[PDB]
Amino acid sequence: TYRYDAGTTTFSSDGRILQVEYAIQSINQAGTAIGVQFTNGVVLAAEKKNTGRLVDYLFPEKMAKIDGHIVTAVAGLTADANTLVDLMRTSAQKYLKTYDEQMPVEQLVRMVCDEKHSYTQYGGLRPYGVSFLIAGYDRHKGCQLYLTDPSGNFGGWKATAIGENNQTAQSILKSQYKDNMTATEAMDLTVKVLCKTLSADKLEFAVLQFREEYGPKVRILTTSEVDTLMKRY
Amino acid sequence: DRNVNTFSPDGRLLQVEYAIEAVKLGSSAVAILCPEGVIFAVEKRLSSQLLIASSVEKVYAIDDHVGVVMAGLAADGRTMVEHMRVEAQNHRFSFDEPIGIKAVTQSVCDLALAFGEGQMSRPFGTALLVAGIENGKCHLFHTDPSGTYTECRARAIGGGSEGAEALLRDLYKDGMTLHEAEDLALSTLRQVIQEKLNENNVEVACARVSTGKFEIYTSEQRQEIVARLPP
Amino acid sequence: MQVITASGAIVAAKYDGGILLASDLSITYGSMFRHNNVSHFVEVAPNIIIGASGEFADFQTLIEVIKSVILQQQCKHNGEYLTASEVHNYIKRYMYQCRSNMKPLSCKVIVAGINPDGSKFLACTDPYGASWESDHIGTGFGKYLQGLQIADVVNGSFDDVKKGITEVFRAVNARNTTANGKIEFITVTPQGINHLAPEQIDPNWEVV
Amino acid sequence: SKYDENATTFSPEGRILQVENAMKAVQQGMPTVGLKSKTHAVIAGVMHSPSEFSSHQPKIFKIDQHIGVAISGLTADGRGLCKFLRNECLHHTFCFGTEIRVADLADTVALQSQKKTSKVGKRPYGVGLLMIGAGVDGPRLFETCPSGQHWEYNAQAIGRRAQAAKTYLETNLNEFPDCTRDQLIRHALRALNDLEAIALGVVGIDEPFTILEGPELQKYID
Amino acid sequence: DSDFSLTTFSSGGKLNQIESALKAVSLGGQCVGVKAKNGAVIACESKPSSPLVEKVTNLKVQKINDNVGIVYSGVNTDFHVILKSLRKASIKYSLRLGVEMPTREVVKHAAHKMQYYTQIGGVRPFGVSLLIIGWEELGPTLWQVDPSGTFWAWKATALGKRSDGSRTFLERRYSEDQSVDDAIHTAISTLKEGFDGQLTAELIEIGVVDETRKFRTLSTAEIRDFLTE
Amino acid sequence: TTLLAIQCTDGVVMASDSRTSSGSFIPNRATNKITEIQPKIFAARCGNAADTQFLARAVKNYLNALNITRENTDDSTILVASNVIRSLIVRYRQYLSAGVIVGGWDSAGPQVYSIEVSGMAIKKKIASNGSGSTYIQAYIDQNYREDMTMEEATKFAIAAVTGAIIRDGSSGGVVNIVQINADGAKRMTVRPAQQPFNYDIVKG
Amino acid sequence: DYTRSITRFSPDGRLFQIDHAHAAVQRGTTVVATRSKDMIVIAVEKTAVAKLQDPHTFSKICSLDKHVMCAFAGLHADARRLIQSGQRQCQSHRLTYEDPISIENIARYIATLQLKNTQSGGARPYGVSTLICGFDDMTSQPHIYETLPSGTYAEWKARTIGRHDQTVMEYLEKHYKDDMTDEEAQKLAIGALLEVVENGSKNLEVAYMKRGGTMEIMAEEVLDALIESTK
Amino acid sequence: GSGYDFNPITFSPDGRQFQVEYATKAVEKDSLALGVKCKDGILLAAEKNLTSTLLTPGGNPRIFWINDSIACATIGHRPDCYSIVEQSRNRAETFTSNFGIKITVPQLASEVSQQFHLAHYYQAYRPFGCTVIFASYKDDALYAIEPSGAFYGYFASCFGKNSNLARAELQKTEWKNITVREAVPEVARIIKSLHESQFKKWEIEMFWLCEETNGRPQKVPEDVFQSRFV
Amino acid sequence: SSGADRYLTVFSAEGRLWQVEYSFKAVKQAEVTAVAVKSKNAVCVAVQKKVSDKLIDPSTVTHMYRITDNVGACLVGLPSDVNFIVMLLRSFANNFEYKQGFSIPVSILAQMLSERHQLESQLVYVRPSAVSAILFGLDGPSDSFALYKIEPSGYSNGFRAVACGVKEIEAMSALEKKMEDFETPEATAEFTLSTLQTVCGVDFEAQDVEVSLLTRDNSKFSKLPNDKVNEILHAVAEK
């Protein structure tokens with residue numbers, strides 16, 4: 001009967017999928033996740049959703065390694081973000097299995113975004129209320145950072161920010177982001193943006209770095225590493 | 001709110017009636033059947049001069065002998081045309097004969113009510129005029145979104161359908177010639193449109209008994225009909 | 001087409017008053033005389049009996065199917081039974097569908113009935129779904145050990161058709177290894193189906 | 001009104017308002033009359049005329065060699081039901097080799113429409129049938145309704161103007177049983193006031209179902 | 001049709017069915033968790049509907065596998081669904097990999113199932129929040145999984161009735177260097193604060209992952225000893 | 001295997017050997033070939049132990065299914081068990097190679113139904129199955145009496161299964177007897193020492 | 001599976017979901033496709049990109065095949081799905097038929113995807129208008145089909161989609177010529193987009209497919225030269 | 001029901017299934033059908049208020065064949081009545097297919113109440129606006145399934161218009177102490193007494209499953225009882 | 001806010017499944033009360049038997065049901081839902097016996113019913129089955145009388161004594177106030193019927209109540225015949 005159906009995959013008078021717009025709002029009310037693309041790699045830095053003196057910072061709530069060459073930061077619902085992270089990991093491994101090559105970052109982004117968009121356009125199910133900052137490396141586009149939203153729309157960003165106070169982080173990145181940054185410089189910029197738009201415990205970091213011989217490596221900074229990075233700032 | 005399959009308290013399928021309205025919003029098309037064949041004349045609504053008129057097609061050759069002209073949603077009419085072409089070629093394959101005009105019209109109409117909810121989501125927003133040659137006899141049918149095909153001798157579908165019917169009521173006769181059928185179709189189209197009728201804004205076609213073929217008129221033939229028109 | 005538990009020969013033949021079917025009441029497991037007093041015929045309608053020669057498990061499957069279909073049509077038609085023609089048509093279709101599904105019923109099925117129009121209907125569907133209507137049908141060694149005894153008297157008096165069927169089943173008892181027991185006779189007449197007393201049809205044993 | 005949204009929703013008075021809306025669709029169809037005799041059945045229908053230059057859209061259809069249906073309501077629903085009826089006839093002939101009975105076809109149509117009303121998302125057939133068939137069960141006339149029920153009638157009138165035809169049939173009801181095929185056709189034509197718009201399909205215990213229109217019907221128009 | 005999500009974003013970007021399921025959790029019976037240095041504890045108020053209830057027949061503190069145990073606050077029946085799913089997932093994990101499902105993997109599976117029911121159509125979210133305790137390489141780990149499928153680790157927690165006051169009480173009374181004994185005492189104390197009337201051993205269930213890495217549900221006798229110690 | 005179900009006036013006597021044969025090896029010499037479908041429905045099993053045990057399992061399942069929607073659990077249960085075994089043997093005719101004598105007691109009294117490996121279900125007062133039953137056919141014919149009581153039928157069934165045991169390599173061991181009357185089923189085991197005769201009747 | 005009738009006729013005969021998909025297209029960025037006898041030029045306005053946004057490999061322009069360029073206006077993910085289907089279809093046409101898919105055929109396929117979404121229960125319409133252009137063969141005239149969210153498609157001498165479609169289309173009509181050269185078509189598209197872009201060099205991108213060639217993005221230097229020549 | 005009467009699977013705040021009792025109202029609107037378990041058999045009478053005099057007198061059955069031994073009187077929404085009749089025939093046929101025996105009216109009643117219950121238990125279905133009285137003399141069973149699916153065996157069942165007065169009258173007669181042949185006059189008396197004068201032409205479709213029919217569902221011969229009334 | 005929470009089994013703003021509680025109300029609409037007492041030596045369930053007509057066959061108006069030969073189920077609630085849960089419990093027991101090879105325990109059957117009620121209270125397209133099920137019987141593996149009560153919510157718990165129906169609250173109060181470790185099955189049956197009679201407020205006759213007293217001598221489920229029920233009722237009236 002669809003009496004209580006919300007018509008999730010239905011346009012609104014303005015031509016917007018209301019469920020996708022509300023998912024975007026949910027993201028904008030979530031912890032800030034900033035991505036900064038430096039010379040060889042990308043620094044992702046997210047605000048943990050679940051913090052407090054009684055919370056145990058054992059795992060990255062928002063940072064999720066997708067593959068040896070791709071890491072992600074989450075803004076919004078960490079649950080459906082985890083679902084899409086599982087799908088992204090499976091897609092990267094399927095690409096590796098098919099081609100014996102690490103999935104190009106844009107293809108993994110396209111896959112997760114096609115999942116999101118399939119939820120926005122078919123099935124009458126709510127969209128994934130998560131925005132991903134997918135940092136990655138591939139031989140084609142070098143090191144990349146992609147911002148993906150619940151609509152399934154993604155774009156490459158040298159630097160960007162999502163979540164709470166994402167506009168302030170974006171403005172700070174515009175003011176201070178420079179090309180050809182070093183890993184240290186980009187980490188400092190991300191820490192500065194996070195602090196200016198918001199504590200090491202609450203914050204989590206992940207540096208993708210491409211070395212010529214070692215390849216692309218994802219390193220999600222632990223509590224102690226993030227504490228050291230914050231104290232450096 | 002209510003399902004697309006809802007019957008109104010009057011007993012009308014609300015979505016079918018709304019699809020008929022969508023047809024009423026479509027380009028005017030007039031089919032005139034004469035003992036010498038049947039003629040489609042459809043308005044091509046050239047919104048811009050950069051619009052390729054040849055690509056804006058209401059007339060579709062379903063088969064060598066039968067064709068259709070659309071009024072309403074061009075894409076839904078395209079789906080109906082695809083079904084009709086598949087069914088005309090399937091009939092040619094299954095029975096080694098051209099599909100009957102009634103047969104292909106009924107085939108496309110059986111798809112009209114196939115919409116549902118809880119298949120298509122909605123009725124077709126296009127009405128068809130299916131004119132063809134079956135066993136050397138010219139047949140013409142009109143189908144509405146309800147899936148109700150009725151054989152016609154002179155029908156009009158689209159923007160000026162009511163006005164075209166009023167004009168044909170005292171302009172169409174059962175013993176006209178092919179030239180007279182062309183003149184009547186083109187005149188009815190001109191009088192039930194909001195633009196001038198030239199070889200570019202009109203698409204003409206004929207299911208001709210003489211050739212037993214549904215041929216869509218070239219620019220020269222449309223120019224000839226336009227020139228011969230008295231006004 | 002595997003026949004482990006086999007119903008033996010059937011000899012049906014039209015006579016003036018109906019169809020006289022005959023068959024031993026024995027099911028043979030291989031060459032063994034396994035079961036006795038097992039009617040190879042099942043009355044499926046008041047004027048329609050069905051017998052089968054060959055796999056009796058397949059005959060039971062078929063009889064269950066026929067009875068289910070007859071019950072369905074009785075529900076549709078206020079208890080009115082399918083005609084012998086309709087029942088045989090369904091048996092033909094079912095057995096051909098089973099041969100086309102590659103799970104054929106290894107039983108030659110005889111449908112002997114009286115159609116509502118009073119016409120004697122004697123038809124037979126082989127395990128392959130090949131079916132035919134005859135005035136007399138032999139299945140198993142009732143077909144082979146038959147000669148002209150039935151053809152010469154088919155549609156004759158009940159006594160003549162009974163005598164011819166008795167000759168055929170004397171041949172069957174003499175020359176069929178799976179022939180065991182008395183030969184039950186069944187008259188499908190417009191007045192119903194009558195199971196005549198089974199007869200021990202003895203081969204002439206003065207031959208020794 | 002609020003209960004009139006689905007064929008699955010009963011109203012507080014135990015009614016399916018969408019089924020009644022499909023019924024009203026049928027009632028707004030062209031007049032259709034059916035008559036039954038001991039040996040013949042007839043369905044005469046005033047075929048709809050959407051325009052003066054449109055041949056009257058056929059409503060008297062040929063289903064089985066001895067069954068014909070007059071569809072009143074949504075023509076496309078009637079055509080889908082006729083495809084279903086052809087499937088049932090084909091399967092009955094396949095299974096038993098005999099022509100299905102019009103009573104069995106009426107039962108199948110009733111079941112199909114009842115299914116269309118017992119599940120959401122699917123809609124009652126806007127079409128109502130007058131199916132006449134002369135089989136082993138004799139000549140039988142059935143009015144199949146969108147709700148999913150059929151009524152066996154000696155005579156019936158459905159669609160618009162049906163009241164006058166129904167009254168006329170009631171007046172001559174007791175005559176119909178013994179009336180000859182020609183007499184039955186004449187009764188159908190009288191009961192069904194519009195000539196060319198009137199088709200008339202007649203079936204008999206012996207004769208197959210055949211449709212007469214205009215000239216073929218003139219001998220009985222009287 | 002069924003497969004339309006009844007958990008959908010509202011105008012404010014909030015899944016209102018998620019908040020409703022969290023409310024169902026908040027009326028679902030106080031359950032506490034406390035991470036010790038050498039283990040973790042999941043206690044919970046298990047006040048039976050009647051004394052005639054047989055406690056062992058429906059226990060809120062449950063074992064998912066040898067190393068992972070689970071308590072819940074919320075709807076008992078869909079907690080049992082989640083628990084069957086988690087035990088099945090850990091058995092599948094052992095079949096595939098020869099070891100019990102890791103604590104974090106059990107938590108991620110519970111979170112995935114809850115998120116699934118938050119997104120698929122025809123279903124409501126699970127009205128339970130799970131406190132899953134188990135060991136990992138770095139030490140004991142208490143985890144909370146919400147009806148939304150969002151999971152996160154805790155040092156101490158309360159989920160059910162009066163869980164805000166219980167969480168404040170844990171903030172005040174929880175310490176990092178607690179032993180499993182002290183974690184059990186802290187969980188019992190938190191239950192006492194979140195429970196009115198005499199808090200006895202039969203009214204609470206305690207599960208513990210201790211130095212041995214194995215989850216065990218303390219019997220009523222052990223709970224009595226802890227209450228009297 | 002030897003199976004011999006006798007429907008007596010006062011009950012059903014289902015006798016069998018206990019020998020499962022794997023070629024010339026007896027993996028199970030104390031085989032219970034008469035499976036208890038229900039307290040008074042038993043399935044003497046002949047053929048592939050896997051197939052016949054699946055048939056017993058599936059007929060228990062089908063008899064429980066029969067009782068999902070009814071309260072007269074004791075009605076037509078032997079007949080339904082036979083019908084179900086027949087349907088399973090026919091349906092799995094390619095796969096299953098199994099013949100079941102389903103005998104016992106229900107509301108309809110004592111009933112024995114032999115479902116042959118072909119899937120031919122027949123109600124019998126004396127049903128026999130298995131390679132060993134062959135050797136006792138004439139014996140049964142000359143020693144079975146329709147008037148045998150459950151005691152007389154039990155003695156006769158023990159003697160017949162003992163003859164089949166002696167003569168059949170595939171039949172051997174004890175005689176598993178099930179006596180099903182209205183009051184229930186009693187199981188007996190006639191070990192070779194208690195059997196009426198042994199190998200010494202062969203040529204003597 | 002979800003099969004709600006998302007797209008249904010309104011009482012006035014309009015598919016409001018198609019209207020909302022058109023609104024989504026309008027909120028999409030402007031594309032202009034222009035044709036010279038031996039060239040097809042698609043100029044798309046780059047969305048306002050900050051200094052922090054990578055401007056490479058995110059153009060709205062795409063190649064459905066070595067002979068088929070595509071550009072879109074509207075929801076980027078809807079258009080991504082359409083482009084994926086269109087590329088799969090071009091390869092599928094090559095598989096089924098050795099011939100490359102005709103621009104009419106591929107434009108029909110994409111418009112039929114949009115039509116199916118307007119007809120499929122539980123499927124939102126594609127909020128995407130697609131300018132699908134290319135050459136059927138070496139000797140075939142360049143084609144520029146525009147497929148709308150409604151699933152209708154029409155060939156155009158020059159067309160625009162997205163925001164400012166009115167203004168860009170007016171510019172095209174004022175400045176279109178029957179036999180424009182490659183340079184003239186490039187200038188037409190570039191100026192048509194220049195009228196409604198805050199910056200010429202930055203906000204504007206161009207991709208041209210010459211006869212017997214593949215999709216080719218304009219060099220920034222050559223694009224700037226053409227922009228300055230237009231101004 | 002303040003919105004609790006549109007979805008069949010929706011309970012009222014009081015636990016009422018409003019769609020189910022609307023189906024029950026559909027049953028109540030229909031002409032009364034009553035079964036009586038007699039000593040010689042079971043007699044299913046069904047009042048047929050012929051709306052049109054043109055209806056075939058020997059047609060429009062309210063009582064249907066389910067088996068060679070099971071009849072089904074129907075009350076309420078005739079489409080649902082015949083849908084349930086065909087589903088009961090299918091249930092009996094499937095029962096024979098599974099178990100090889102004929103279903104019993106109690107078991108058929110359970111299996112068909114399964115479908116009744118599915119109507120208002122799973123979404124997307126409509127409650128069956130019908131009560132079905134299955135009578136079998138072989139089973140000595142007279143089980144009525146109500147639209148909810150609540151099925152009960154009856155000594156004398158009755159549903160439809162004036163079914164309360166009909167039940168009261170059926171109480172006055174010890175049907176198991178009388179035969180179906182001598183129960184026919186009593187049942188016809190009850191139906192005629194409770195019959196509404198709004199219909200001048202009407203019938204009493206009377207089936208019986210008795211020793212005379214060998215338990216078969218047989219419409220009572222017109223010689224025994226003339227169903228036609230004017 | 002949409003009203004799905006009050007018509008479907010989705011949580012309300014208070015996190016309550018309104019349809020589940022309305023199915024509790026529908027259970028109470030059965031107008032009968034069931035009291036089950038499980039002692040060490042027996043489990044007696046007594047559910048008052050109300051027949052609305054004299055023309056309804058009383059044997060068909062039952063709330064005791066054989067699930068398995070061992071497990072009985074006293075189902076209180078909507079008669080259609082009661083029949084559905086009877087057949088569902090029987091199917092659960094049959095599937096369990098087929099997969100596992102032994103008769104389903106009362107505890108596992110209760111858990112399976114709880115899972116069905118959980119899928120009803122979670123799947124919005126499935127109604128909560130308005131049945132309070134008192135599953136009972138002698139579990140052989142423990143050789144002890146299991147007595148589980150499963151609510152329409154699916155809340156399943158083993159009980160030393162439980163009640164369902166209209167007077168479930170009063171019956172539960174009486175049970176938890178006067179329960180004992182009764183020494184004999186006769187004592188258990190007397191207490192069960194006395195509690196039911198007291199809470200119902202009507203002196204019962206055997207016809208007016210169905211009693212299933214599963215003892216170790218008779219562990220198979222069966223409704224006690226009216227003579228044994230009358231003897232129990234006389235014993236109750238004896239004190």
# chains A, B, ... in the order shown; residues from 1 in each chain; ligands from 1
call {"tool": "residues_around", "arguments": {"residues": "residue E:5", "least_positions_apart": "6", "cutoff": "7 Å", "atoms": "only C-alpha atoms", "output": "PyMOL selection string"}}
result
(chain A and resi 124-126) or (chain E and resi 119-122)
call {"tool": "select_by_dssp", "arguments": {"residues": "stretch 49-197 of chain I", "states": "strand (DSSP E)", "output": "ChimeraX atom specification"}}
result
/I:64-66,72-77,131-139,144-150,156-158,161-165
call {"tool": "select_by_dssp", "arguments": {"residues": "chain C", "states": "helix (DSSP H, G or I)", "output": "PyMOL selection string"}}
result
chain C and resi 56-76+84-100+141-144+158-175+205-207
call {"tool": "residues_around", "arguments": {"residues": "stretch 12-16 of chain G", "least_positions_apart": "6", "cutoff": "9 Å", "atoms": "only C-alpha atoms", "output": "list in words"}}
result
residues 13 of chain A; 15, 17, 18, 19, 20, 21, 22, 23, 24, 25 and 125 of chain B; 118 and 150 of chain G
call {"tool": "residues_around", "arguments": {"residues": "residue E:133", "least_positions_apart": "3", "cutoff": "6 Å", "atoms": "only C-alpha atoms", "output": "list in words"}}
result
residues 40, 68, 69, 141 and 142 of chain E
call {"tool": "interface_residues", "arguments": {"of": "chain E", "to": "chain G", "cutoff": "9 Å", "atoms": "only C-alpha atoms", "output": "JSON, numbers by chain"}}
result
{"E": [1, 2, 3, 4, 121]}
call {"tool": "interface_residues", "arguments": {"of": "chain G", "to": "chain A", "cutoff": "6 Å", "atoms": "only C-alpha atoms", "output": "VMD selection string"}}
result
chain G and resid 2 20 to 21 23 to 24 52 to 54 76 to 77 122 to 124
call {"tool": "interface_residues", "arguments": {"of": "chain A", "to": "chain E", "cutoff": "10 Å", "atoms": "only C-alpha atoms", "output": "VMD selection string"}}
result
chain A and resid 1 to 2 4 to 9 18 to 29 48 to 61 76 to 83 86 119 122 to 129
call {"tool": "interface_residues", "arguments": {"of": "chain F", "to": "chain I", "cutoff": "10 Å", "atoms": "only C-alpha atoms", "output": "ChimeraX atom specification"}}
result
/F:57-65,67-71,73
